[PDB]
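Undergrad: Just dropping this structure here.
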Amino acid sequence: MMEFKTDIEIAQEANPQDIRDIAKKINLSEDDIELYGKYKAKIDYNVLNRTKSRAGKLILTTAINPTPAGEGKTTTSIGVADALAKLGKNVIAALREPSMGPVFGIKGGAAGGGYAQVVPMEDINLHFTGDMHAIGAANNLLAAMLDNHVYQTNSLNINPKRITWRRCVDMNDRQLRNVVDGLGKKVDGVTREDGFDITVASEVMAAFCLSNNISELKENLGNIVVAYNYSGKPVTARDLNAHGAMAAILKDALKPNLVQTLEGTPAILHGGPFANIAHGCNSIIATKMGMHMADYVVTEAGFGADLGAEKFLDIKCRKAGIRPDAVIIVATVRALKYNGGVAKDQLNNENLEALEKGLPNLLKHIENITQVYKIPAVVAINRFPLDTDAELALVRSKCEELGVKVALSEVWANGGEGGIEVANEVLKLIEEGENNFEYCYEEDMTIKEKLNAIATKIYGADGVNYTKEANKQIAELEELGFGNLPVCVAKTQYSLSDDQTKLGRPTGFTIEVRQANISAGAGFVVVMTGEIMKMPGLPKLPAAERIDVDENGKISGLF
Amino acid sequence: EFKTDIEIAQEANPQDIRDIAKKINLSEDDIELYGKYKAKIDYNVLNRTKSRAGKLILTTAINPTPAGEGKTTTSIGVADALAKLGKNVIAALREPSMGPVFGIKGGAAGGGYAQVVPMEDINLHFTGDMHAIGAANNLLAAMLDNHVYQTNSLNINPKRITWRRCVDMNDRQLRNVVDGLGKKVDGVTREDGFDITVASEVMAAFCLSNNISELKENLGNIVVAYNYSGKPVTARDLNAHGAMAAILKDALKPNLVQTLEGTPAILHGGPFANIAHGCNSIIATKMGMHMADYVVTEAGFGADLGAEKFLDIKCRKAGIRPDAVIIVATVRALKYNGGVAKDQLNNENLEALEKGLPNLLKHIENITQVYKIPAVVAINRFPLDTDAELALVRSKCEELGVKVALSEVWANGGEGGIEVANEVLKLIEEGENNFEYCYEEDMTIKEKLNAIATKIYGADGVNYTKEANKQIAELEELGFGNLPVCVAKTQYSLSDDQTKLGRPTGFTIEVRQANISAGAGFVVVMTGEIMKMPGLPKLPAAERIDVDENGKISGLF
Ligand SMILES: COc1ccc2cc3[n+](cc2c1OC)CCc1cc2c(cc1-3)OCO2
Ligand SMILES: COc1ccc2cc3[n+](cc2c1OC)CCc1cc2c(cc1-3)OCO2
Ligand SMILES: COc1ccc2cc3[n+](cc2c1OC)CCc1cc2c(cc1-3)OCO2
Ligand SMILES: COc1ccc2cc3[n+](cc2c1OC)CCc1cc2c(cc1-3)OCO2
Ligand code: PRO
Ligand code: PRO
Ligand code: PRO
Ligand code: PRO
Ligand code: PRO
Ligand code: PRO
Ligand code: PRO
Ligand code: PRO
Ligand code: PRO
């Protein structure tokens with residue numbers, strides 16, 4: 001027979017505390033909190049200026065390259081945080097907010113999974129506290145003011161063909177990828193090519209997550225480059241007098257959102273940019289908030305260590321002035337056997353030979369964390385019942401040779417109890433740890449030197465090649481004065497290389513850069529190794545067709 | 001003696017919204033808080049409480065003039081006045097669109113000392129209803145295009161797609177677009193456009209639904225296109241309405257807010273008054289009548305548009321009947337109808353006041369003699385209004401059997417509305433159930449149009465273009481001839497000619513176009529061009545908007 005519980009059944013049967021009690025666990029009075037129902041809350045960012053910082057530790061959760069087998073990065077983050085709570089520690093989980101668009105294409109999902117989730121699950125997947133709407137409104141206001149300026153006088157001499165700013169919407173709408181607007185009468189605007197991204201891909205989202213306060217948000221938004229003039233110089237949102245209004249739309253959204261786990265552990269969800277064209281981390285203001293209110297903060301970055309962790313350490317940690325005390329590298333035996341050449345169908349059979357072929361992927365990410373950034377790390381293996389004792393022993397052997405212990409995580413089935421082993425090793429790394437954190441590169445280096453450093457040190461590439469047009473675009477960015485910013489490499493996440501088919505630990509390859517541009521608002525240069533989907537489409541049978549509401553207003557079909 | 005509306009709003013002491021909910025017998029478990037000054041009310045509270053069967057007070061006005069009339073200020077003021085008189089009362093109002101705030105600055109819900117607070121939050125995101133309306137609108141658009149891109153098994157003709165996308169911005173750039181460009185995987189190339197979010201039919205259907213079940217059903221009946229066989233394709237055909245109602249599940253809960261004097265207020269919905277009915281949502285008015293003894297609501301654009309549609313559309317679908325009608329006007333506005341220039345409105349001009357008074361008199365006749373509802377004229381008094389001017393207006397209105405009450409709510413708060421509120425209470429106790437619609441649902445579209453044009457506007461009849469006739473003919477064949485008609489004409493005149501002030505007589509209505517809003521449940525009829533997406537000014541008000549280091553917004557008002 002069978003008997004099992006889906007994540008939504010686990011979320012339904014939960015007993016979530018009043019968010020006011022959750023706030024009490026981190027010394028947040030009722031007068032420091034804006035309630036959104038009794039299970040969601042927004043935290044005033046002005047509590048930092050009137051309370052004493054606990055100077056909590058920072059625990060960064062990452063993973064190997066994503067595989068169709070799944071690794072359970074966010075489930076481990078929530079589970080380890082719950083474990084530290086079982087150990088009597090004052091801990092906060094810092095996570096991102098999901099986009100709403102994909103819920104209607106491919107269905108929504110739990111914050112984590114199993115018994116390591118964040119609740120309320122339904123609200124988190126939909127409107128939550130409205131941050132996504134605030135991001136999009138600010139994005140589209142700047143777009144309307146840009147087009148309005150060109151329509152009224154165009155005194156800034158904006159070249160319509162060099163307009164880089166794009167509108168956005170929080171839906172999976174392929175139809176809006178490439179558009180032409182401004183058609184009609186003379187009074188209907190100026191005809192030009194345009195496009196829509198999904199809201200989370202907007203640069204507003206990136207700068208939103210890299211602002212320390214509302215004044216830095218207003219300053220970052222003004223630095224956004226929306227076009228170039230006929231002289232080749234950048235035209236910014238500040239030049240349009242737009243950043244003040246955009247900061248007014250985001251005034252409430254910039255407050256971090258307080259929720260909880262299934263075990264009552266305080267959780268903060270805030271922001272959620274891409275992990276290829278952005279850094280893929282939750283907001284700085286939320287991570288700073290947590291370290292100010294708790295002794296431990298468990299956060300995470302998307303797409304695995306070669307992308308999210310690299311940008312957490314080289315972009316976020318630089319702009320926030322923070323240092324991880326420990327790093328959790330998540331992996332599963334099935335994912336490693338997948339790197340070894342096993343097809344997705346056969347990942348449940350024992351295959352020591354394939355596990356050994358795919359282990360160099362985990363080994364490379366360990367070397368990057370512990371030998372390039374010099375940060376104490378622990379491997380968290382999300383154990384499955386078919387994981388043989390030899391498979392676990394082989395993984396532990398090769399990881400011990402690099403000085404890293406392997407802790408078995410069972411938070412998906414046992415909640416915080418299943419994360420005590422990982423939590424204990426993390427506390428051990430924090431106490432026995434020293435400040436050896438090193439960036440992958442220095443800011444004074446050129447854009448090509450920074451890319452060369454990341455490709456060689458992190459990806460394992462022999463070097464970086466540039467197309468004819470990429471070299472031109474990088475040369476312009478150096479001339480305009482952007483060569484002193486961090487670089488954000490937008491490449492595939494399924495491989496250490498830029499070739500999504502090269503599993504394991506590819507060697508003797510080169511990265512092919514074909515496009516580059518400036519995200520002056522977020523504060524980094526974006527570099528492309530291929531086409532990047534900034535607006536997903538809907539499948540043939542969208543998930544929306546099964547979503548329903550009953551006479552009492554209960555939603556079904558979401559998960 | 002006092003300051004601007006934003007300064008009055010800042011110097012106000014709003015109570016905790018939980019205490020405001022206590023005034024209308026709402027427990028803490030009936031209330032979702034959005035800070036301690038806003039709250040959403042569960043619409044299931046109706047299913048566990050006994051209805052107080054409260055009275056319905058409709059607030060309308062004369063045709064909007066550049067002089068202003070202060071309609072919403074009077075509604076809030078009369079609501080505060082009934083509170084001063086120890087009555088249990090709720091003010092039901094509309095939510096403002098956030099878009100125009102960044103063009104022509106924001107404004108108060110009301111004005112003077114008759115406001116609704118928080119003013120700042122109401123002008124922006126409020127509780128997110130506008131975002132949900134747009135999300136539901138844009139999901140249906142994405143699923144419509146996806147179906148055509150995938151299989152188009154419904155044989156949708158892209159040249160017959162009527163659904164439009166939306167955004168809550170004043171963006172003239174998105175009026176006419178071509179989307180679907182790019183690779184073969186980037187969609188189907190076609191012409192398209194955007195409207196401001198509050199102009200979506202999702203907004204009108206949102207406001208004409210009695211419960212979450214009718215919302216899902218109404219959303220399903222929305223016509224999004226036509227197949228090559230000429231038959232309507234709906235959102236139900238796309239299996240979208242269940243998902244759209246899920247996006248709106250929390251939005252459909254009315255928003256509990258308060259006035260300056262602590263009176264409970266509900267702001268929910270905000271459709272256009274020309275291409276829609278311009279009323280707050282039916283659930284908000286039902287909720288108020290369920291939880292209180294008196295409800296003051298309003299309709300936009302004066303009696304010939306909002307009040308007409310409030311009575312012939314909203315009242316029909318909700319099954320409610322107004323117990324009294326407040327017709328708001330000013331001496332300045334009537335003298336404007338009499339031929340006085342905008343700059344000369346401060347001098348006494350009894351001759352021009354008599355030339356413009358027929359406008360107010362026609363609206364009285366429609367309320368009291370066509371719909372048969374008791375009415376009272378509320379004059380928002382100005383300091384330079386001579387006693388003779390006020391006496392002339394009182395004279396002509398009493399010839400029709402309607403008292404004139406002087407309103408000073410703007411400068412005096414609820415005290416300034418006691419005179420109006422008293423006549424409203426007198427009209428409710430002495431009134432009878434004589435309410436009649438202007439037309440019956442059985443009549444054809446052109447008969448329903450001829451009924452409104454002649455009885456309400458004062459026209460000799462209705463003329464139709466060739467294209468208007470074909471569209472009306474096609475709407476009859478498809479089976480939409482049984483719905484009400486929502487006439488979209490100018491608000492500055494009883495006629496379809498914005499220059500004909502006062503009380504025009506020898507005119508006829510020209511219909512250029514007819515469309516179907518099957519989700520809202522009415523047929524829209526055009527007399528001219530309708531701007532569903534306004535543009536930003538040369539100097540947008542958003543350039544003056546700023547935020548300080550503590551997160552305080554300036555320049556909004
Ligand atoms: C989202 O992440 C997930 C999602 C799903 C997961 C499912 C399972 N596990 C981790 C998961 C995980 O973490 C890696 C490991 C324990 C387990 C035992 C089982 C089983 C499934 C799983 O089927 C029968 O016995
Ligand atoms: C306890 O065992 C340990 C402890 C510490 C170890 C440290 C390192 N390694 C193994 C270790 C090990 O396993 C043998 C492998 C090579 C290496 C290169 C590096 C580095 C550290 C290490 O920093 C920068 O470059
Ligand atoms: C794969 O199946 C598909 C996929 C997409 C299809 C798209 C269209 N049609 C069949 C399709 C079909 O069936 C053969 C025929 C009706 C039509 C009219 C149009 C149009 C595209 C289509 O663009 C403008 O006017
Ligand atoms: C029943 O009659 C029909 C039925 C189906 C018809 C389908 C199409 N057209 C007329 C039709 C018609 O004419 C009256 C012409 C426009 C068109 C563009 C297209 C397409 C199909 C069609 O596929 C892709 O681009
Ligand atoms: O644009 C300005 O004048 C300043 C610079 C940072 C925030 N606003
Ligand atoms: O000790 C650390 O590494 C972090 C840095 C910011 C405060 N605590
Ligand atoms: O490596 C660097 O340049 C800085 C020093 C503190 C941490 N990272
Ligand atoms: O179908 C689309 O429009 C995109 C591109 C391929 C996968 N999803
Ligand atoms: O109505 C309000 O909310 C304004 C703005 C803050 C103080 N008073
Ligand atoms: O079937 C079609 O026509 C579109 C294009 C690829 C899959 N869906
Ligand atoms: O979707 C694609 O990739 C093909 C190639 C160009 C036209 N469409
Ligand atoms: O209209 C409705 O509500 C249902 C949904 C599927 C078809 N009929
Ligand atoms: O499109 C509009 O609404 C304004 C009016 C003239 C200039 N643009």
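Naming scheme: A, B, ... for chains in displayed order of the structure tokens; residues 1 onward per chain; ligands 1 onward as shown.
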Which chains and residue numbers are within 10 Å of ligand 1, counting only C-alpha atoms and all ligand atoms, if I want them as a PyMOL selection string?

TA: chain A and resi 2+4+6-7+69-76+109-114+116-117+330-335+381-387+409-414

Undergrad: Write the residues of the preceding selection, restricted to N, CA and C atoms, as a CSV table (one decimal), in the first residue's frame.

TA:
```
chain,number,residue,atom,x,y,z
A,2,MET,N,0.3,2.4,0.3
A,2,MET,CA,1.1,3.6,0.5
A,2,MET,C,0.4,4.5,1.6
A,4,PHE,N,1.4,8.8,2.6
A,4,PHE,CA,2.4,9.9,2.3
A,4,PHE,C,1.6,11.2,2.5
A,6,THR,N,1.9,15.3,1.0
A,6,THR,CA,2.4,16.3,0.1
A,6,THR,C,2.7,17.5,1.0
A,7,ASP,N,3.6,18.4,0.4
A,7,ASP,CA,4.0,19.6,1.1
A,7,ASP,C,2.9,20.5,1.5
A,69,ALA,N,17.8,15.8,-10.7
A,69,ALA,CA,17.6,15.0,-9.5
A,69,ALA,C,17.2,15.9,-8.3
A,70,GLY,N,17.5,17.2,-8.4
A,70,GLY,CA,17.2,18.0,-7.2
A,70,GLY,C,18.2,17.8,-6.1
A,71,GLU,N,18.5,18.9,-5.4
A,71,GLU,CA,19.5,18.9,-4.3
A,71,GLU,C,18.8,19.3,-3.0
A,72,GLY,N,17.8,20.1,-3.0
A,72,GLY,CA,17.1,20.5,-1.8
A,72,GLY,C,17.9,21.6,-1.0
A,73,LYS,N,18.3,22.6,-1.7
A,73,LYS,CA,19.1,23.7,-1.1
A,73,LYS,C,18.3,24.4,0.0
A,74,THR,N,17.1,24.9,-0.4
A,74,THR,CA,16.3,25.7,0.5
A,74,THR,C,15.7,24.9,1.6
A,75,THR,N,15.4,23.6,1.3
A,75,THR,CA,14.9,22.7,2.4
A,75,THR,C,16.0,22.5,3.5
A,76,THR,N,17.3,22.5,3.1
A,76,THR,CA,18.3,22.3,4.1
A,76,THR,C,18.5,23.6,4.8
A,109,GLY,N,5.1,26.1,-5.5
A,109,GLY,CA,5.8,25.1,-4.6
A,109,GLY,C,6.0,25.6,-3.2
A,110,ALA,N,6.4,24.7,-2.4
A,110,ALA,CA,6.7,25.1,-1.0
A,110,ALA,C,7.9,25.9,-0.9
A,111,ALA,N,8.0,26.8,0.1
A,111,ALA,CA,9.2,27.5,0.4
A,111,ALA,C,10.4,26.6,0.5
A,112,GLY,N,10.4,25.6,1.3
A,112,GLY,CA,11.3,24.5,1.3
A,112,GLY,C,10.7,23.3,0.7
A,113,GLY,N,10.3,22.4,1.6
A,113,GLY,CA,9.9,21.0,1.2
A,113,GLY,C,9.9,20.1,2.4
A,114,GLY,N,9.1,19.1,2.3
A,114,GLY,CA,9.0,18.1,3.5
A,114,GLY,C,8.5,18.9,4.7
A,116,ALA,N,10.5,21.0,6.3
A,116,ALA,CA,11.3,22.2,6.4
A,116,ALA,C,10.8,23.2,5.4
A,117,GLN,N,9.7,23.9,5.9
A,117,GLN,CA,9.0,24.9,5.1
A,117,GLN,C,8.9,26.2,5.8
A,330,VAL,N,25.3,21.8,-0.3
A,330,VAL,CA,24.3,20.8,-0.3
A,330,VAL,C,24.5,19.9,-1.5
A,331,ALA,N,24.3,18.6,-1.3
A,331,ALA,CA,24.4,17.7,-2.5
A,331,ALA,C,23.6,16.4,-2.1
A,332,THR,N,23.3,15.6,-3.1
A,332,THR,CA,22.7,14.3,-3.0
A,332,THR,C,23.4,13.3,-3.8
A,333,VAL,N,23.3,12.0,-3.4
A,333,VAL,CA,24.0,11.0,-4.1
A,333,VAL,C,23.4,10.9,-5.5
A,334,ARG,N,22.1,11.0,-5.6
A,334,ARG,CA,21.5,10.9,-7.0
A,334,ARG,C,22.0,12.0,-7.9
A,335,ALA,N,22.2,13.2,-7.4
A,335,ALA,CA,22.7,14.3,-8.3
A,335,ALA,C,24.1,14.0,-8.7
A,381,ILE,N,24.8,16.3,2.9
A,381,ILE,CA,24.2,15.3,2.0
A,381,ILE,C,22.7,15.0,2.4
A,382,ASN,N,21.8,15.4,1.5
A,382,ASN,CA,20.4,15.1,1.8
A,382,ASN,C,20.2,13.6,1.5
A,383,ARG,N,20.1,12.8,2.6
A,383,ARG,CA,20.1,11.4,2.5
A,383,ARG,C,18.8,10.9,2.0
A,384,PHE,N,18.8,9.9,1.1
A,384,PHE,CA,17.7,9.1,0.6
A,384,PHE,C,17.8,7.6,1.1
A,385,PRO,N,16.7,6.9,1.2
A,385,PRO,CA,16.8,5.6,1.8
A,385,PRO,C,17.5,4.6,0.9
A,386,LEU,N,17.6,4.9,-0.4
A,386,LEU,CA,18.4,4.0,-1.3
A,386,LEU,C,19.9,4.3,-1.3
A,387,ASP,N,20.3,5.3,-0.6
A,387,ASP,CA,21.8,5.6,-0.5
A,387,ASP,C,22.5,4.5,0.2
A,409,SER,N,21.9,15.0,6.3
A,409,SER,CA,20.8,15.8,6.6
A,409,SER,C,19.5,15.0,6.2
A,410,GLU,N,18.6,15.0,7.2
A,410,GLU,CA,17.3,14.3,7.0
A,410,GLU,C,16.2,15.3,7.4
A,411,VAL,N,16.3,16.6,7.1
A,411,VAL,CA,15.3,17.6,7.5
A,411,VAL,C,14.0,17.4,6.7
A,412,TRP,N,14.1,16.9,5.4
A,412,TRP,CA,12.9,16.8,4.6
A,412,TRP,C,11.9,15.8,5.2
A,413,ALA,N,12.4,14.8,5.9
A,413,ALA,CA,11.5,13.9,6.6
A,413,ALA,C,11.4,14.0,8.1
A,414,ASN,N,12.4,14.6,8.7
A,414,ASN,CA,12.4,14.7,10.2
A,414,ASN,C,12.4,16.1,10.7
```

Undergrad: Need to verify the contact set: residue 189 (chain A), 10 Å, only C-alpha atoms, exclusion of same-chain residues closer than 3 positions in sequence. Can you return it as a list in words?

TA: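 Returned residues: residues 147, 148, 150, 151, 152, 181, 182, 183, 184, 185, 186 and 192 of chain A; 171, 172, 173, 174, 175, 176 and 535 of chain B.
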
Undergrad: Write the selection just made, keeping N, CA and C atoms, as a short mmCIF file (atom, residue, chain, number, x, y, z; two decimals), in the first residue's frame?

TA:
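Output below, filename result00.cif:
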```cif
data_model
loop_
_atom_site.label_atom_id
_atom_site.label_comp_id
_atom_site.auth_asym_id
_atom_site.auth_seq_id
_atom_site.Cartn_x
_atom_site.Cartn_y
_atom_site.Cartn_z
N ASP A 147 9.80 57.27 -21.81
CA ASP A 147 9.09 57.52 -23.06
C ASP A 147 8.43 58.89 -23.07
N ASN A 148 7.94 59.36 -21.91
CA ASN A 148 7.32 60.67 -21.86
C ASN A 148 8.32 61.78 -22.16
N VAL A 150 11.07 61.63 -24.00
CA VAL A 150 11.35 61.61 -25.43
C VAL A 150 10.17 62.16 -26.22
N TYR A 151 8.95 61.91 -25.76
CA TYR A 151 7.78 62.39 -26.47
C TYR A 151 7.61 63.90 -26.31
N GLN A 152 7.85 64.43 -25.11
CA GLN A 152 7.62 65.85 -24.88
C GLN A 152 8.67 66.70 -25.60
N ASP A 181 5.87 49.62 -29.64
CA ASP A 181 4.83 50.48 -29.09
C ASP A 181 5.04 51.91 -29.57
N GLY A 182 4.13 52.78 -29.17
CA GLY A 182 4.14 54.14 -29.66
C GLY A 182 3.46 54.33 -31.00
N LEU A 183 2.68 53.36 -31.45
CA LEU A 183 1.96 53.46 -32.70
C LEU A 183 0.68 54.27 -32.52
N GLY A 184 0.17 54.80 -33.64
CA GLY A 184 -1.07 55.53 -33.66
C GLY A 184 -0.87 56.97 -34.10
N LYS A 185 -1.68 57.86 -33.52
CA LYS A 185 -1.62 59.28 -33.86
C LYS A 185 -0.32 59.90 -33.35
N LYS A 186 -0.12 61.18 -33.68
CA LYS A 186 1.04 61.90 -33.18
C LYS A 186 1.05 61.96 -31.65
N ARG A 192 8.87 52.89 -31.42
CA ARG A 192 10.17 52.28 -31.20
C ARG A 192 9.97 50.83 -30.77
N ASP B 171 0.57 55.82 -19.24
CA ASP B 171 1.59 55.54 -20.24
C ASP B 171 0.96 55.55 -21.63
N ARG B 172 1.01 56.71 -22.29
CA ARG B 172 0.49 56.82 -23.65
C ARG B 172 1.24 55.95 -24.64
N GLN B 173 2.45 55.50 -24.29
CA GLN B 173 3.25 54.70 -25.21
C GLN B 173 2.62 53.34 -25.48
N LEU B 174 1.82 52.82 -24.55
CA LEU B 174 1.28 51.48 -24.63
C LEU B 174 -0.16 51.45 -25.15
N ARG B 175 -0.63 52.54 -25.74
CA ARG B 175 -1.99 52.55 -26.28
C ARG B 175 -2.11 51.59 -27.45
N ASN B 176 -1.17 51.65 -28.39
CA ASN B 176 -1.19 50.84 -29.60
C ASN B 176 0.18 50.20 -29.75
N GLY B 535 -2.13 60.16 -20.77
CA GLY B 535 -0.71 60.41 -20.88
C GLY B 535 -0.16 61.23 -19.73
#
```

Undergrad: Leaving out region 35-52 of chain B and any residue of its chain fewer than 2 positions from it, which residues lie within 8 Å of it when counting only C-alpha atoms, given as a compact mmCIF listing (two decimals) with N, CA, C and O atoms, in the first residue's frame?

TA:
```txt
# COMPACT_ATOMS: atom_id res chain seq x y z
N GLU A 34 4.48 45.94 11.38
CA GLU A 34 3.23 46.17 10.66
C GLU A 34 2.66 44.81 10.29
O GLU A 34 3.26 44.07 9.51
N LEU A 35 1.49 44.49 10.83
CA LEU A 35 0.90 43.19 10.59
C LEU A 35 0.26 43.14 9.21
O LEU A 35 -0.29 44.13 8.73
N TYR A 36 0.34 41.97 8.59
CA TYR A 36 -0.38 41.64 7.36
C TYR A 36 -1.11 40.34 7.65
O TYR A 36 -0.62 39.25 7.35
N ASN A 552 -16.69 29.41 -0.39
CA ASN A 552 -16.16 30.03 0.81
C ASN A 552 -14.86 30.78 0.57
O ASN A 552 -14.29 31.34 1.51
N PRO B 14 -6.04 59.21 14.02
CA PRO B 14 -6.86 58.05 13.65
C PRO B 14 -6.81 56.98 14.73
O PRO B 14 -5.76 56.69 15.29
N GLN B 15 -7.98 56.42 15.02
CA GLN B 15 -8.05 55.33 15.98
C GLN B 15 -7.48 54.05 15.36
O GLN B 15 -7.36 53.91 14.14
N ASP B 16 -7.10 53.12 16.24
CA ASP B 16 -6.74 51.79 15.79
C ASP B 16 -7.92 51.18 15.04
O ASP B 16 -9.07 51.31 15.47
N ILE B 17 -7.64 50.55 13.90
CA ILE B 17 -8.71 50.04 13.05
C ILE B 17 -9.51 48.96 13.76
O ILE B 17 -10.69 48.74 13.42
N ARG B 18 -8.92 48.28 14.75
CA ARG B 18 -9.66 47.29 15.51
C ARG B 18 -10.81 47.94 16.27
O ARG B 18 -11.91 47.37 16.36
N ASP B 30 -12.83 38.53 12.40
CA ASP B 30 -13.47 38.90 11.15
C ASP B 30 -12.62 39.85 10.32
O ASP B 30 -13.06 40.31 9.27
N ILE B 31 -11.40 40.13 10.77
CA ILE B 31 -10.61 41.27 10.32
C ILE B 31 -9.19 40.81 10.02
O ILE B 31 -8.55 40.17 10.87
N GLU B 32 -8.69 41.13 8.83
CA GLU B 32 -7.27 41.00 8.51
C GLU B 32 -6.66 42.39 8.52
O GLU B 32 -7.10 43.27 7.76
N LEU B 33 -5.66 42.60 9.37
CA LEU B 33 -5.06 43.92 9.51
C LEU B 33 -3.99 44.16 8.45
O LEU B 33 -3.28 43.24 8.04
N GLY B 54 -29.69 47.86 6.82
CA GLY B 54 -29.50 49.29 6.88
C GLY B 54 -30.02 50.00 5.65
O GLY B 54 -30.23 49.42 4.58
N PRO B 118 -6.08 56.44 6.28
CA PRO B 118 -4.86 57.10 5.79
C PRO B 118 -4.92 57.60 4.34
O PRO B 118 -5.09 56.81 3.41
N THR B 127 -4.41 48.31 -0.03
CA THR B 127 -4.26 46.91 0.35
C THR B 127 -3.99 45.99 -0.84
O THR B 127 -4.15 44.76 -0.72
N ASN B 211 -20.65 37.79 -4.39
CA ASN B 211 -19.85 36.88 -3.58
C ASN B 211 -18.76 36.29 -4.47
O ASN B 211 -18.73 36.50 -5.68
N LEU B 252 -11.27 40.72 -3.09
CA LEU B 252 -12.72 40.86 -3.00
C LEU B 252 -13.20 41.20 -1.59
O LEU B 252 -14.35 41.60 -1.43
N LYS B 253 -12.34 41.06 -0.59
CA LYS B 253 -12.68 41.48 0.76
C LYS B 253 -12.68 43.00 0.85
O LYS B 253 -11.65 43.62 0.57
N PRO B 254 -13.79 43.64 1.24
CA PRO B 254 -13.79 45.11 1.35
C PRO B 254 -12.78 45.61 2.37
O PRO B 254 -12.42 44.90 3.32
N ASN B 255 -12.34 46.85 2.18
CA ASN B 255 -11.28 47.44 3.00
C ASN B 255 -11.90 48.36 4.04
O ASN B 255 -12.61 49.32 3.69
N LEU B 256 -11.61 48.10 5.31
CA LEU B 256 -12.15 48.88 6.41
C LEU B 256 -11.19 50.03 6.74
O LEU B 256 -10.01 49.80 7.00
N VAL B 257 -11.72 51.25 6.71
CA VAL B 257 -10.95 52.48 6.92
C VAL B 257 -11.83 53.41 7.76
O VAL B 257 -12.98 53.10 8.06
N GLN B 258 -11.28 54.55 8.16
CA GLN B 258 -12.01 55.49 9.00
C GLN B 258 -11.91 56.91 8.45
O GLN B 258 -11.01 57.24 7.67
N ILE B 283 -20.26 44.15 -3.05
CA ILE B 283 -19.98 43.52 -1.76
C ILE B 283 -19.75 44.57 -0.68
O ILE B 283 -20.19 44.41 0.46
N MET B 287 -22.06 44.71 2.40
CA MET B 287 -21.43 44.61 3.71
C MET B 287 -21.85 45.75 4.63
O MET B 287 -22.13 45.54 5.81
N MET B 289 -24.65 47.74 4.46
CA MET B 289 -26.05 47.55 4.82
C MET B 289 -26.26 46.37 5.75
O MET B 289 -27.25 46.33 6.48
N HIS B 290 -25.34 45.40 5.74
CA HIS B 290 -25.44 44.25 6.63
C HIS B 290 -24.97 44.58 8.04
O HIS B 290 -25.50 44.02 9.01
N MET B 291 -23.99 45.47 8.17
CA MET B 291 -23.33 45.73 9.45
C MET B 291 -23.76 47.03 10.11
O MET B 291 -23.36 47.29 11.25
N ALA B 292 -24.55 47.87 9.44
CA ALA B 292 -24.89 49.18 9.98
C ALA B 292 -26.32 49.53 9.62
O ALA B 292 -26.97 48.86 8.81
N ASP B 293 -26.81 50.60 10.25
CA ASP B 293 -28.17 51.07 10.04
C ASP B 293 -28.30 52.04 8.88
O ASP B 293 -29.38 52.14 8.29
```

Undergrad: Show me which residues line ligand 8, defined as having an atom within 10 Å of a ligand atom where only C-alpha atoms and all ligand atoms count, and present them as a ChimeraX atom specification.

TA: /A:172-175,177,533,535-540 /B:146,149-150,183-187

Undergrad: Can you spit out the residues from that selection as a short mmCIF file (atom, residue, chain, number, x, y, z; two decimals), in the first residue's frame, using C-alpha atoms?

TA:
```
data_model
loop_
_atom_site.label_atom_id
_atom_site.label_comp_id
_atom_site.auth_asym_id
_atom_site.auth_seq_id
_atom_site.Cartn_x
_atom_site.Cartn_y
_atom_site.Cartn_z
CA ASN A 172 4.79 34.20 -17.92
CA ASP A 173 3.91 35.99 -21.17
CA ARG A 174 6.11 35.14 -24.17
CA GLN A 175 3.92 37.48 -26.24
CA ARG A 177 9.14 39.60 -25.18
CA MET A 533 15.45 34.02 -20.95
CA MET A 535 10.44 36.17 -19.75
CA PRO A 536 9.29 32.54 -19.51
CA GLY A 537 6.34 31.27 -21.51
CA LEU A 538 3.27 29.31 -20.52
CA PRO A 539 3.14 25.55 -21.24
CA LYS A 540 0.58 23.92 -23.54
CA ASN B 146 -0.81 31.14 -25.25
CA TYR B 149 0.31 30.10 -29.98
CA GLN B 150 -0.09 26.49 -28.82
CA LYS B 183 11.55 34.01 -32.97
CA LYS B 184 8.90 31.41 -33.74
CA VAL B 185 8.90 30.63 -30.01
CA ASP B 186 8.10 34.26 -29.10
CA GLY B 187 4.37 34.13 -29.81
#
```
